[PDB]
Protein chains: 2
Amino acid sequence: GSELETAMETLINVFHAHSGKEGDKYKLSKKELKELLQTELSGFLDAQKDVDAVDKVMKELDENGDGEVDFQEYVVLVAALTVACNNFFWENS
Amino acid sequence: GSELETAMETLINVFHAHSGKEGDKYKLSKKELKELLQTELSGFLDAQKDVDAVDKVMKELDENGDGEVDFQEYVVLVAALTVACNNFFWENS
């Protein structure tokens, strides 16, 4: 819709590109989410700054991987990785 | 960067469009965030389905409004409203 809403409707397309592994099309298993995060959010992983926070999400899901997530969860985790790569705001190169 | 990452970099731009009331531009006060959500997330607000959930965020922030958020928080709340307007998944039209 608006620029913000088209940004979010993009997150839906991307979530749905990997969703359905489990059988539910609006859900994605947590271990399968790590694949999406490693594939599309790969550039933010390469640009990570908070090595603590990036791994705090990954290792946490690595053991909880056999669970699942929906769009809301997926975006929360995406945003968390995004700020772990944005913390450079306080680094005056 | 990627399709997902440009989706998220859009969320940064549009967060920044109303940010800096407190002077920090990577932050926005919570009551001031409601404005952004009412302006840009207005279409998702119009398309709301989970009336309980949409208000759970708004009424909550209306009393917690004098605090503040960053990109991570703002995106979580945006995603929460997004799923409250996506609920048609459980509506057999």
# chains A, B, ... in the order shown; residues from 1 in each chain; ligands from 1
>>> select_by_dssp(residues="chain B", states="helix (DSSP H, G or I)", output="compact mmCIF listing (two decimals) with N, CA, C and O atoms, in the first residue's frame")
# COMPACT_ATOMS: atom_id res chain seq x y z
N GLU B 3 16.23 -8.57 -1.79
CA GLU B 3 14.84 -8.11 -1.78
C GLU B 3 14.38 -7.90 -0.33
O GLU B 3 13.77 -6.89 -0.01
N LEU B 4 14.73 -8.83 0.55
CA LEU B 4 14.38 -8.69 1.96
C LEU B 4 15.10 -7.50 2.56
O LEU B 4 14.54 -6.72 3.32
N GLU B 5 16.37 -7.35 2.25
CA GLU B 5 17.15 -6.28 2.86
C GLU B 5 16.70 -4.91 2.39
O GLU B 5 16.73 -3.97 3.16
N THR B 6 16.25 -4.79 1.15
CA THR B 6 15.72 -3.51 0.67
C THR B 6 14.37 -3.27 1.30
O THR B 6 14.01 -2.13 1.61
N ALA B 7 13.64 -4.33 1.59
CA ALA B 7 12.39 -4.21 2.32
C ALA B 7 12.70 -3.59 3.69
O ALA B 7 12.08 -2.63 4.10
N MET B 8 13.71 -4.12 4.37
CA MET B 8 14.07 -3.60 5.69
C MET B 8 14.71 -2.21 5.65
O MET B 8 14.52 -1.43 6.57
N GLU B 9 15.45 -1.89 4.60
CA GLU B 9 16.07 -0.57 4.51
C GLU B 9 14.98 0.48 4.26
O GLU B 9 15.08 1.61 4.73
N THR B 10 13.87 0.07 3.66
CA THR B 10 12.68 0.93 3.53
C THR B 10 12.10 1.23 4.91
O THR B 10 11.76 2.38 5.21
N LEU B 11 12.04 0.23 5.79
CA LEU B 11 11.53 0.43 7.15
C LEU B 11 12.43 1.42 7.90
O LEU B 11 11.95 2.20 8.71
N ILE B 12 13.73 1.42 7.60
CA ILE B 12 14.65 2.37 8.25
C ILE B 12 14.33 3.78 7.77
O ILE B 12 14.20 4.70 8.58
N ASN B 13 14.18 3.95 6.46
CA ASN B 13 13.92 5.28 5.90
C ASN B 13 12.64 5.86 6.47
O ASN B 13 12.60 7.00 6.91
N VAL B 14 11.58 5.06 6.45
CA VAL B 14 10.28 5.54 6.89
C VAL B 14 10.19 5.71 8.42
O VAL B 14 9.55 6.64 8.90
N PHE B 15 10.93 4.92 9.20
CA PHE B 15 11.05 5.18 10.64
C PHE B 15 11.69 6.56 10.85
O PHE B 15 11.24 7.37 11.65
N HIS B 16 12.75 6.81 10.09
CA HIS B 16 13.53 8.05 10.19
C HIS B 16 12.71 9.27 9.74
O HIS B 16 13.03 10.41 10.10
N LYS B 30 7.41 6.79 21.90
CA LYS B 30 6.28 5.90 21.62
C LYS B 30 5.00 6.61 21.19
O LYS B 30 4.38 6.19 20.23
N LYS B 31 4.61 7.70 21.84
CA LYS B 31 3.39 8.42 21.44
C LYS B 31 3.55 9.00 20.04
O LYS B 31 2.60 9.11 19.28
N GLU B 32 4.79 9.33 19.71
CA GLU B 32 5.10 9.93 18.43
C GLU B 32 5.12 8.84 17.35
O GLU B 32 4.88 9.11 16.18
N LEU B 33 5.36 7.60 17.76
CA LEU B 33 5.34 6.47 16.84
C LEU B 33 3.93 6.19 16.36
O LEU B 33 3.72 5.82 15.21
N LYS B 34 2.96 6.38 17.24
CA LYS B 34 1.56 6.16 16.88
C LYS B 34 1.16 7.01 15.69
O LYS B 34 0.39 6.58 14.85
N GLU B 35 1.72 8.20 15.59
CA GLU B 35 1.46 9.09 14.46
C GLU B 35 1.92 8.42 13.17
O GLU B 35 1.19 8.36 12.20
N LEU B 36 3.15 7.91 13.19
CA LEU B 36 3.74 7.28 12.01
C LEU B 36 2.86 6.10 11.58
O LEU B 36 2.53 5.94 10.41
N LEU B 37 2.46 5.30 12.55
CA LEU B 37 1.64 4.11 12.30
C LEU B 37 0.25 4.49 11.78
O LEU B 37 -0.37 3.75 11.03
N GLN B 38 -0.26 5.64 12.17
CA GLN B 38 -1.58 6.09 11.76
C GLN B 38 -1.52 6.71 10.39
O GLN B 38 -2.53 6.83 9.71
N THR B 39 -0.34 7.17 10.01
CA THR B 39 -0.12 7.81 8.73
C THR B 39 0.23 6.79 7.65
O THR B 39 -0.43 6.71 6.62
N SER B 42 -1.71 3.23 8.06
CA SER B 42 -3.14 3.51 7.95
C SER B 42 -3.95 2.50 7.13
O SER B 42 -5.10 2.22 7.46
N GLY B 43 -3.40 1.97 6.05
CA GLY B 43 -4.14 1.04 5.21
C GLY B 43 -4.29 -0.31 5.88
O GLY B 43 -5.32 -0.97 5.76
N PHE B 44 -3.28 -0.71 6.63
CA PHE B 44 -3.34 -1.95 7.38
C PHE B 44 -4.27 -1.75 8.58
O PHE B 44 -4.93 -2.69 9.02
N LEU B 45 -4.36 -0.53 9.08
CA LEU B 45 -5.27 -0.20 10.18
C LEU B 45 -6.71 -0.29 9.69
O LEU B 45 -7.58 -0.79 10.38
N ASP B 46 -6.95 0.16 8.47
CA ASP B 46 -8.28 0.09 7.85
C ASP B 46 -8.69 -1.36 7.56
O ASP B 46 -9.86 -1.71 7.59
N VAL B 51 -9.40 -7.11 16.02
CA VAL B 51 -9.69 -5.85 16.70
C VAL B 51 -9.13 -5.88 18.12
O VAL B 51 -8.75 -4.86 18.68
N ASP B 52 -9.03 -7.07 18.69
CA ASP B 52 -8.50 -7.23 20.03
C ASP B 52 -7.00 -6.95 20.01
O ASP B 52 -6.46 -6.35 20.92
N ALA B 53 -6.33 -7.42 18.97
CA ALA B 53 -4.88 -7.31 18.87
C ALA B 53 -4.43 -5.91 18.44
O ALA B 53 -3.40 -5.42 18.90
N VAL B 54 -5.19 -5.29 17.55
CA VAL B 54 -4.82 -3.98 17.03
C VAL B 54 -4.87 -2.98 18.18
O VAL B 54 -3.99 -2.13 18.33
N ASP B 55 -5.87 -3.12 19.03
CA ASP B 55 -6.05 -2.21 20.14
C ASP B 55 -5.13 -2.56 21.29
O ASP B 55 -4.69 -1.69 22.03
N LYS B 56 -4.77 -3.84 21.40
CA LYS B 56 -3.83 -4.27 22.43
C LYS B 56 -2.53 -3.50 22.29
O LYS B 56 -1.88 -3.24 23.28
N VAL B 57 -2.15 -3.13 21.08
CA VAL B 57 -0.93 -2.36 20.88
C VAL B 57 -1.19 -0.87 21.11
O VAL B 57 -0.42 -0.19 21.77
N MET B 58 -2.27 -0.36 20.54
CA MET B 58 -2.54 1.08 20.59
C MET B 58 -2.86 1.57 21.98
O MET B 58 -2.27 2.53 22.44
N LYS B 59 -3.77 0.90 22.65
CA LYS B 59 -4.14 1.30 24.00
C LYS B 59 -2.95 1.15 24.94
O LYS B 59 -2.74 1.97 25.82
N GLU B 60 -2.16 0.12 24.72
CA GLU B 60 -0.96 -0.09 25.53
C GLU B 60 0.04 1.04 25.32
O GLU B 60 0.63 1.53 26.28
N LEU B 61 0.24 1.46 24.08
CA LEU B 61 1.24 2.48 23.83
C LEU B 61 0.70 3.82 24.26
O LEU B 61 1.46 4.69 24.59
N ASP B 62 -0.61 3.98 24.29
CA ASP B 62 -1.18 5.27 24.66
C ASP B 62 -0.86 5.65 26.11
O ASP B 62 -0.84 6.82 26.46
N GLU B 63 -0.55 4.66 26.93
CA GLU B 63 -0.19 4.89 28.33
C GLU B 63 1.32 4.76 28.53
O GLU B 63 1.90 5.36 29.43
N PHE B 71 14.40 1.28 15.84
CA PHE B 71 13.99 0.51 14.66
C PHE B 71 13.44 -0.88 15.03
O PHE B 71 12.39 -1.26 14.55
N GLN B 72 14.14 -1.63 15.87
CA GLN B 72 13.72 -2.99 16.23
C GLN B 72 12.30 -3.00 16.79
O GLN B 72 11.49 -3.83 16.41
N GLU B 73 12.00 -2.07 17.68
CA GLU B 73 10.71 -2.05 18.36
C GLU B 73 9.65 -1.68 17.35
O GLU B 73 8.60 -2.30 17.25
N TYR B 74 9.94 -0.64 16.60
CA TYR B 74 9.00 -0.11 15.64
C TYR B 74 8.60 -1.17 14.62
O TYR B 74 7.42 -1.29 14.29
N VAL B 75 9.54 -1.98 14.18
CA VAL B 75 9.25 -3.02 13.19
C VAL B 75 8.42 -4.15 13.81
O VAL B 75 7.52 -4.67 13.17
N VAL B 76 8.69 -4.49 15.06
CA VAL B 76 7.91 -5.52 15.75
C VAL B 76 6.45 -5.10 15.82
O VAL B 76 5.54 -5.89 15.55
N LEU B 77 6.21 -3.84 16.15
CA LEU B 77 4.85 -3.32 16.28
C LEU B 77 4.17 -3.24 14.91
O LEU B 77 2.99 -3.55 14.77
N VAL B 78 4.94 -2.88 13.90
CA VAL B 78 4.44 -2.84 12.52
C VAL B 78 4.03 -4.25 12.09
O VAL B 78 2.96 -4.45 11.52
N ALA B 79 4.85 -5.25 12.40
CA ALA B 79 4.55 -6.64 12.05
C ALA B 79 3.33 -7.15 12.81
O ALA B 79 2.54 -7.92 12.27
N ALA B 80 3.18 -6.72 14.05
CA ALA B 80 2.05 -7.12 14.87
C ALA B 80 0.74 -6.61 14.26
O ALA B 80 -0.24 -7.34 14.17
N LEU B 81 0.75 -5.37 13.80
CA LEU B 81 -0.43 -4.82 13.15
C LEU B 81 -0.65 -5.52 11.80
O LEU B 81 -1.78 -5.80 11.41
N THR B 82 0.44 -5.84 11.13
CA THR B 82 0.37 -6.55 9.85
C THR B 82 -0.33 -7.90 10.01
O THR B 82 -1.21 -8.22 9.22
N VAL B 83 -0.02 -8.68 11.03
CA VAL B 83 -0.69 -9.96 11.20
C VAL B 83 -2.14 -9.79 11.67
O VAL B 83 -3.01 -10.55 11.24
N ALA B 84 -2.42 -8.73 12.42
CA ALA B 84 -3.80 -8.45 12.84
C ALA B 84 -4.69 -8.12 11.64
O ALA B 84 -5.90 -8.28 11.68
N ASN B 87 -5.18 -11.82 9.28
CA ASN B 87 -6.04 -12.87 9.84
C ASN B 87 -7.04 -13.57 8.92
O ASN B 87 -7.49 -14.65 9.26
N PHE B 88 -7.40 -12.96 7.79
CA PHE B 88 -8.18 -13.65 6.74
C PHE B 88 -7.74 -15.12 6.48
O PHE B 88 -8.53 -15.91 5.98
N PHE B 89 -6.53 -15.53 6.88
CA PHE B 89 -6.10 -16.92 6.80
C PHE B 89 -7.02 -17.88 7.57
O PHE B 89 -7.08 -19.07 7.25
N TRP B 90 -7.72 -17.37 8.57
CA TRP B 90 -8.61 -18.18 9.40
C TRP B 90 -10.06 -17.80 9.15
O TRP B 90 -10.95 -18.12 9.95
>>> calpha_fit_and_write(fixed="chain B", moving="chain A", output="short mmCIF file (atom, residue, chain, number, x, y, z; two decimals) with N, CA and C atoms, in the first residue's frame")
data_model
loop_
_atom_site.label_atom_id
_atom_site.label_comp_id
_atom_site.auth_asym_id
_atom_site.auth_seq_id
_atom_site.Cartn_x
_atom_site.Cartn_y
_atom_site.Cartn_z
N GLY A 1 19.59 -4.48 0.03
CA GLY A 1 20.46 -5.52 -0.60
C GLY A 1 19.65 -6.52 -1.39
N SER A 2 19.34 -7.67 -0.79
CA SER A 2 18.41 -8.64 -1.38
C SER A 2 17.01 -8.02 -1.33
N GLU A 3 16.00 -8.69 -1.88
CA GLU A 3 14.63 -8.15 -1.85
C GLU A 3 14.16 -7.99 -0.41
N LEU A 4 14.49 -8.95 0.44
CA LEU A 4 14.14 -8.87 1.85
C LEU A 4 14.86 -7.70 2.51
N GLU A 5 16.13 -7.54 2.20
CA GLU A 5 16.92 -6.49 2.82
C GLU A 5 16.49 -5.11 2.35
N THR A 6 16.05 -4.97 1.10
CA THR A 6 15.54 -3.68 0.63
C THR A 6 14.19 -3.41 1.27
N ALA A 7 13.47 -4.47 1.61
CA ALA A 7 12.22 -4.31 2.32
C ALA A 7 12.54 -3.70 3.69
N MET A 8 13.56 -4.22 4.36
CA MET A 8 13.94 -3.71 5.67
C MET A 8 14.59 -2.33 5.61
N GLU A 9 15.31 -2.02 4.54
CA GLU A 9 15.93 -0.71 4.42
C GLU A 9 14.83 0.34 4.16
N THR A 10 13.71 -0.09 3.60
CA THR A 10 12.53 0.76 3.48
C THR A 10 11.96 1.08 4.86
N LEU A 11 11.90 0.08 5.74
CA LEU A 11 11.39 0.30 7.10
C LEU A 11 12.26 1.33 7.81
N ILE A 12 13.56 1.36 7.50
CA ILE A 12 14.47 2.34 8.10
C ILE A 12 14.11 3.73 7.59
N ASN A 13 13.91 3.88 6.29
CA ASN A 13 13.57 5.19 5.72
C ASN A 13 12.30 5.74 6.36
N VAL A 14 11.29 4.88 6.45
CA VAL A 14 10.01 5.27 7.03
C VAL A 14 10.14 5.61 8.52
N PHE A 15 10.90 4.83 9.28
CA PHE A 15 11.12 5.13 10.70
C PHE A 15 11.81 6.49 10.83
N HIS A 16 12.80 6.72 9.98
CA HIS A 16 13.59 7.94 10.02
C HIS A 16 12.83 9.17 9.54
N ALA A 17 11.70 8.97 8.89
CA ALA A 17 10.87 10.09 8.43
C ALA A 17 10.23 10.80 9.63
N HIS A 18 9.97 10.04 10.69
CA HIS A 18 9.36 10.60 11.90
C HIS A 18 10.34 10.66 13.08
N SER A 19 11.45 9.93 13.00
CA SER A 19 12.41 9.88 14.11
C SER A 19 13.04 11.25 14.35
N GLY A 20 13.63 11.43 15.52
CA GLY A 20 14.30 12.69 15.80
C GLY A 20 13.42 13.72 16.48
N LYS A 21 12.15 13.40 16.72
CA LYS A 21 11.24 14.31 17.45
C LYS A 21 11.85 14.64 18.80
N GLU A 22 12.40 13.61 19.42
CA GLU A 22 12.95 13.69 20.77
C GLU A 22 14.33 14.36 20.81
N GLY A 23 15.06 14.23 19.72
CA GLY A 23 16.42 14.72 19.67
C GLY A 23 17.42 13.67 19.22
N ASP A 24 17.14 12.41 19.52
CA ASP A 24 17.97 11.30 19.02
C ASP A 24 17.37 10.87 17.68
N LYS A 25 18.22 10.76 16.67
CA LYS A 25 17.80 10.57 15.28
C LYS A 25 17.54 9.12 14.95
N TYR A 26 18.00 8.23 15.81
CA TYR A 26 17.83 6.79 15.58
C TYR A 26 16.77 6.25 16.54
N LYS A 27 16.07 7.18 17.18
CA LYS A 27 15.02 6.84 18.14
C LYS A 27 13.78 7.67 17.85
N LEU A 28 12.64 7.20 18.32
CA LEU A 28 11.38 7.89 18.14
C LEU A 28 10.58 7.69 19.41
N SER A 29 9.98 8.74 19.94
CA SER A 29 9.17 8.61 21.15
C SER A 29 7.95 7.73 20.86
N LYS A 30 7.47 6.97 21.84
CA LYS A 30 6.34 6.06 21.60
C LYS A 30 5.06 6.76 21.14
N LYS A 31 4.69 7.89 21.73
CA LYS A 31 3.47 8.59 21.31
C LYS A 31 3.62 9.10 19.89
N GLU A 32 4.85 9.41 19.52
CA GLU A 32 5.14 9.91 18.20
C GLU A 32 5.13 8.76 17.19
N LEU A 33 5.40 7.55 17.66
CA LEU A 33 5.32 6.35 16.83
C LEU A 33 3.89 6.07 16.42
N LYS A 34 2.95 6.33 17.33
CA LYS A 34 1.54 6.11 17.02
C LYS A 34 1.12 6.94 15.81
N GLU A 35 1.71 8.12 15.67
CA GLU A 35 1.42 8.96 14.51
C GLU A 35 1.87 8.26 13.24
N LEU A 36 3.09 7.75 13.24
CA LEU A 36 3.65 7.07 12.07
C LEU A 36 2.76 5.89 11.71
N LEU A 37 2.40 5.12 12.72
CA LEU A 37 1.57 3.93 12.54
C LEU A 37 0.18 4.27 11.99
N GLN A 38 -0.33 5.43 12.36
CA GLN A 38 -1.64 5.88 11.93
C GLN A 38 -1.59 6.47 10.54
N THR A 39 -0.41 6.91 10.13
CA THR A 39 -0.22 7.57 8.85
C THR A 39 0.17 6.58 7.75
N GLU A 40 1.25 5.84 7.96
CA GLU A 40 1.75 4.92 6.93
C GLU A 40 1.10 3.56 7.00
N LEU A 41 0.88 3.09 8.22
CA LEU A 41 0.28 1.76 8.41
C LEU A 41 -1.25 1.88 8.49
N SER A 42 -1.75 3.08 8.20
CA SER A 42 -3.19 3.35 8.14
C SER A 42 -4.03 2.36 7.32
N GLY A 43 -3.50 1.86 6.21
CA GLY A 43 -4.26 0.94 5.38
C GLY A 43 -4.38 -0.42 6.05
N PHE A 44 -3.38 -0.80 6.81
CA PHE A 44 -3.44 -2.05 7.58
C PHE A 44 -4.38 -1.85 8.77
N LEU A 45 -4.51 -0.62 9.26
CA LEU A 45 -5.47 -0.33 10.33
C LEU A 45 -6.88 -0.43 9.78
N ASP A 46 -7.09 0.06 8.57
CA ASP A 46 -8.40 -0.01 7.91
C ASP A 46 -8.77 -1.46 7.60
N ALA A 47 -7.75 -2.29 7.38
CA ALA A 47 -7.94 -3.69 7.04
C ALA A 47 -7.76 -4.59 8.26
N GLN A 48 -7.84 -4.01 9.45
CA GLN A 48 -7.67 -4.79 10.67
C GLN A 48 -8.75 -5.89 10.76
N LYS A 49 -8.38 -7.01 11.37
CA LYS A 49 -9.32 -8.12 11.59
C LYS A 49 -9.38 -8.40 13.07
N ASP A 50 -8.21 -8.47 13.69
CA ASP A 50 -8.12 -8.72 15.11
C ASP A 50 -8.23 -7.41 15.86
N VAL A 51 -9.47 -7.02 16.12
CA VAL A 51 -9.77 -5.77 16.81
C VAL A 51 -9.22 -5.79 18.24
N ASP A 52 -9.02 -6.98 18.77
CA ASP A 52 -8.43 -7.15 20.09
C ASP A 52 -6.94 -6.83 20.02
N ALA A 53 -6.24 -7.45 19.08
CA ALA A 53 -4.79 -7.32 18.99
C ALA A 53 -4.35 -5.93 18.54
N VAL A 54 -5.11 -5.31 17.65
CA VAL A 54 -4.75 -4.00 17.13
C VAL A 54 -4.80 -3.00 18.28
N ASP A 55 -5.81 -3.13 19.12
CA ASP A 55 -6.01 -2.19 20.21
C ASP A 55 -5.09 -2.53 21.37
N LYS A 56 -4.76 -3.80 21.52
CA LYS A 56 -3.82 -4.24 22.54
C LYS A 56 -2.50 -3.53 22.38
N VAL A 57 -2.10 -3.22 21.15
CA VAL A 57 -0.83 -2.52 20.93
C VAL A 57 -1.04 -1.02 21.12
N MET A 58 -2.13 -0.50 20.58
CA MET A 58 -2.38 0.94 20.62
C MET A 58 -2.61 1.45 22.00
N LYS A 59 -3.55 0.86 22.72
CA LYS A 59 -3.85 1.30 24.08
C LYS A 59 -2.64 1.11 24.99
N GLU A 60 -1.89 0.04 24.76
CA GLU A 60 -0.68 -0.20 25.55
C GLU A 60 0.32 0.93 25.34
N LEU A 61 0.50 1.37 24.10
CA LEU A 61 1.47 2.43 23.85
C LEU A 61 0.88 3.77 24.24
N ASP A 62 -0.44 3.88 24.26
CA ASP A 62 -1.10 5.15 24.55
C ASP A 62 -0.79 5.64 25.97
N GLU A 63 -0.46 4.71 26.86
CA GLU A 63 -0.13 5.05 28.25
C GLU A 63 1.38 5.08 28.44
N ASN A 64 2.08 4.32 27.61
CA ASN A 64 3.53 4.24 27.65
C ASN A 64 4.15 5.19 26.61
N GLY A 65 3.35 6.13 26.13
CA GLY A 65 3.73 6.93 24.98
C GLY A 65 4.92 7.83 25.19
N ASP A 66 5.22 8.12 26.43
CA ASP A 66 6.25 9.10 26.74
C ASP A 66 7.60 8.44 26.84
N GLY A 67 7.60 7.16 26.51
CA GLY A 67 8.81 6.42 26.42
C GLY A 67 9.25 6.58 24.98
N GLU A 68 10.03 5.64 24.51
CA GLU A 68 10.60 5.72 23.17
C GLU A 68 10.87 4.34 22.64
N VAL A 69 11.18 4.28 21.36
CA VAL A 69 11.48 3.05 20.66
C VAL A 69 12.63 3.30 19.69
N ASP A 70 13.17 2.22 19.15
CA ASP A 70 14.19 2.26 18.11
C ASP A 70 13.61 1.50 16.91
N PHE A 71 14.42 1.30 15.87
CA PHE A 71 13.99 0.53 14.70
C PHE A 71 13.46 -0.87 15.05
N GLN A 72 14.18 -1.62 15.88
CA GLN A 72 13.78 -2.99 16.23
C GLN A 72 12.37 -3.01 16.80
N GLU A 73 12.09 -2.08 17.71
CA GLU A 73 10.81 -2.06 18.41
C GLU A 73 9.72 -1.68 17.44
N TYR A 74 10.02 -0.67 16.65
CA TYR A 74 9.08 -0.15 15.69
C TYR A 74 8.65 -1.25 14.73
N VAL A 75 9.59 -2.09 14.30
CA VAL A 75 9.27 -3.16 13.37
C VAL A 75 8.46 -4.27 14.05
N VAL A 76 8.77 -4.55 15.31
CA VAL A 76 8.00 -5.56 16.07
C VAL A 76 6.53 -5.15 16.11
N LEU A 77 6.29 -3.88 16.40
CA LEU A 77 4.93 -3.36 16.52
C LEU A 77 4.23 -3.31 15.16
N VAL A 78 4.99 -2.96 14.13
CA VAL A 78 4.49 -2.95 12.75
C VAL A 78 4.07 -4.37 12.35
N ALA A 79 4.90 -5.36 12.66
CA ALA A 79 4.62 -6.74 12.31
C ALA A 79 3.39 -7.25 13.07
N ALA A 80 3.25 -6.82 14.32
CA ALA A 80 2.11 -7.22 15.14
C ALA A 80 0.80 -6.70 14.53
N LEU A 81 0.81 -5.45 14.09
CA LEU A 81 -0.37 -4.88 13.45
C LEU A 81 -0.62 -5.57 12.11
N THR A 82 0.45 -5.91 11.42
CA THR A 82 0.35 -6.60 10.14
C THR A 82 -0.34 -7.96 10.31
N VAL A 83 0.01 -8.75 11.31
CA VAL A 83 -0.66 -10.04 11.48
C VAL A 83 -2.10 -9.87 11.97
N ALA A 84 -2.39 -8.80 12.70
CA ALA A 84 -3.76 -8.51 13.12
C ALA A 84 -4.64 -8.18 11.91
N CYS A 85 -4.02 -7.78 10.79
CA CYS A 85 -4.75 -7.50 9.54
C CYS A 85 -4.65 -8.65 8.55
N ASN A 86 -3.84 -9.67 8.89
CA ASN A 86 -3.61 -10.84 8.02
C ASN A 86 -4.40 -12.07 8.46
N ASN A 87 -4.91 -12.04 9.69
CA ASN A 87 -5.67 -13.17 10.27
C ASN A 87 -6.82 -13.67 9.38
N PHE A 88 -7.27 -12.81 8.46
CA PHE A 88 -8.21 -13.17 7.38
C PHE A 88 -7.80 -14.45 6.60
N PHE A 89 -6.56 -14.89 6.74
CA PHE A 89 -6.10 -16.16 6.18
C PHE A 89 -7.02 -17.33 6.57
N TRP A 90 -7.58 -17.28 7.77
CA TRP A 90 -8.47 -18.34 8.26
C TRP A 90 -9.94 -18.04 8.01
N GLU A 91 -10.22 -17.05 7.19
CA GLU A 91 -11.58 -16.67 6.88
C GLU A 91 -11.85 -16.90 5.40
N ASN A 92 -12.56 -17.98 5.12
CA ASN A 92 -12.84 -18.38 3.75
C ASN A 92 -14.09 -17.66 3.24
N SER A 93 -13.90 -16.46 2.73
CA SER A 93 -14.99 -15.68 2.13
C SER A 93 -15.47 -16.35 0.85
#
>>> select_by_dssp(residues="region 1-92 of chain A", states="strand (DSSP E or B)", output="list in words")
residues 28, 29, 68 and 69 of chain A
>>> write_last_selection(atoms="C-alpha atoms", output="PDB file, in the first residue's frame")
ATOM      1  CA  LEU A  28       7.692 -21.970   8.471  1.00  0.00           C
ATOM      2  CA  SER A  29       9.631 -24.336  10.725  1.00  0.00           C
ATOM      3  CA  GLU A  68       7.938 -23.083  13.891  1.00  0.00           C
ATOM      4  CA  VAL A  69       7.222 -19.427  13.282  1.00  0.00           C
TER       5      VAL A  69
END
